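*Asks:* So that we are looking at the same thing, I have put the structure below in structure tokens.
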Amino acid sequence: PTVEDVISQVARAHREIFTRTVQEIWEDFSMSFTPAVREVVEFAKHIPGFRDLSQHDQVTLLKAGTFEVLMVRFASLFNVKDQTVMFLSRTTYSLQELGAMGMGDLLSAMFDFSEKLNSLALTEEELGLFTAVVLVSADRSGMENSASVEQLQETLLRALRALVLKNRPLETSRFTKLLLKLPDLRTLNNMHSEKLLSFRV
Amino acid sequence: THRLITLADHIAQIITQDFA
Ligand SMILES: Clc1nnc2ccc(Oc3ccccc3-c3ccccc3)nn12
């Protein structure tokens, strides 16, 4: 499809789908986190070209890039000034209150990343198109057909280039600043994807 | 009474369960 078809479709799905004791915090986390992951999978279906990939490649991409998508999606839920993170159930928590989980370092890394992402002032369209780019930009190890994924990545990368130029033409490095978040996201995934979660058994 | 699992494995668990 055309670049304006990609922006319109990806941004529409982005609005439709996305937009105090240790044990109780882990139940609120689990009940917020599980639908959040499902939302990434539903958003992925609505990405022009994603369903055309083989079932294996779709699952491989979602398994590799869902943590990174959640870091971008949850970035706005981190209040850098108040030092408060809100969960998908509208419950707000202090950093200290949340220290009783494993993470600790993941939560402070998230405050820095959201702050960095905030300085860009992405419009909803831009954020939705970046979220799609993040998902298709995951490690392509174990892909039956990496070529199909690379072409899906460049289709979303061209639409993001155009949207960002349409919005802030004078800010010629806006696209660059967005591609520069990719190794930051890759470091956070490499540093924190192995951290442990607790569930009532 | 409590289960422990990495962020990656729990994500992959939700994914493989959703693709049924
Ligand atoms: Cl659940 C849920 N629903 N909304 C929010 C908002 C923030 C939040 O952060 C976390 C808190 C504890 C453990 C992991 C994360 C986390 C997971 C993936 C990517 C980034 C962070 N979890 N959360």
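*Asks:* Which of the listed residues, A:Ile47, A:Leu157, A:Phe29, is farthest toward the dipole's positive end in the protein assembly as shown, when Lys, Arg count +1 and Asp, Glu count -1 at the beta-carbon?
*Replies:* Farthest towards the positive pole: A:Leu157.
*Asks:* When Cβ neighbours within 10 Å are restricted to other protein chains, what is their mean count per residue of peptide A:65-72?
*Replies:* The mean count of partner-chain Cβ atoms within 10 Å per residue comes to 2.
*Asks:* Let me ask another. Using every Cα-Cα pair within region A:1-115, state what percent have a distance larger than 25 Å.
*Replies:* When all Cα pairs of region A:1-115 are counted, 32 percent exceed 25 Å.
*Asks:* Follow-up. Please list, by residue number, everything in region A:57-77 whose backbone N is under 12 Å from a paramagnetic label point 7 Å out along Cα→Cβ of A:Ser108.
*Replies:* none
*Asks:* Still on this structure: How many angstrom separate the Cα center of region A:125-201 from the Cα center of region A:46-75?
*Replies:* Answer, in whole Å: 10.
*Asks:* Quick check on chain A: helices-only [θ] at 222 nm, where DSSP H runs of length 4 and up contribute -39,500 (n - 2.57) each and the sum goes over total residues. Nearest 500, please.
*Replies:* Dividing the helical sum by the residues of chain A leaves -20500 deg cm²/dmol.
*Asks:* Oh, and also: How large is the Kirkwood hydrodynamic radius of region A:54-103, counting all unique pairs of alpha carbons, in Å?
*Replies:* For region A:54-103, the Kirkwood estimate is 12.8 Å.
*Asks:* Averaged over peptide A:193-200, how many Cβ atoms belonging to another chain are found within 10 Å of each residue's Cβ?
*Replies:* Mean shielding by partner chains, rounded to a whole number: 5.
*Asks:* Then there is this: Sort A:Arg140, A:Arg51 by Cβ crowding within 10 Å, fewest neighbours at the top.
*Replies:* A:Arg51, A:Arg140
*Asks:* How large is the charge dipole for the protein assembly as shown, taken about the Cα centre, if only the Cβ atoms of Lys, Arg (+1) and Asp, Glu (-1) carry charge, to the nearest 20 debye?
*Replies:* The calculated dipole for the protein assembly as shown is roughly 260 debye.
*Asks:* Chain A: Rg/Rh from Cα coordinates, Kirkwood Rh?
*Replies:* 0.97
*Asks:* Among A:151-163, A:169-181, A:113-125, how do they line up by average Cβ neighbours within 10 Å per residue, starting with the highest?
*Replies:* Result, highest mean Cβ count within 10 Å first: A:151-163, A:113-125, A:169-181.
*Asks:* If neighbour count is taken as other Cβ atoms inside 10 Å, put A:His46, A:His56 in order from fewest to most.
*Replies:* Ascending number of Cβ neighbours within 10 Å: A:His56, A:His46.
*Asks:* Considering the options A:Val59, A:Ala109, A:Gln96, tell which one lies farthest towards the positive end of the dipole of region A:1-141, charges being +1 on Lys and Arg and -1 on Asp and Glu at the Cβ, about the Cα centre.
*Replies:* A:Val59
*Asks:* In Å, what Kirkwood hydrodynamic radius results for region A:113-201 from the alpha-carbon pair distances?
*Replies:* Hydrodynamic radius (Kirkwood, Cα pairs) of region A:113-201 is 14.8 Å.
Ideal geometry is used to build each Cβ from the backbone, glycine not excepted, and the neighbour counts take in all protein chains shown. Computed from the coordinates by the stated procedures, all read-outs in this text should not be read as laboratory data.
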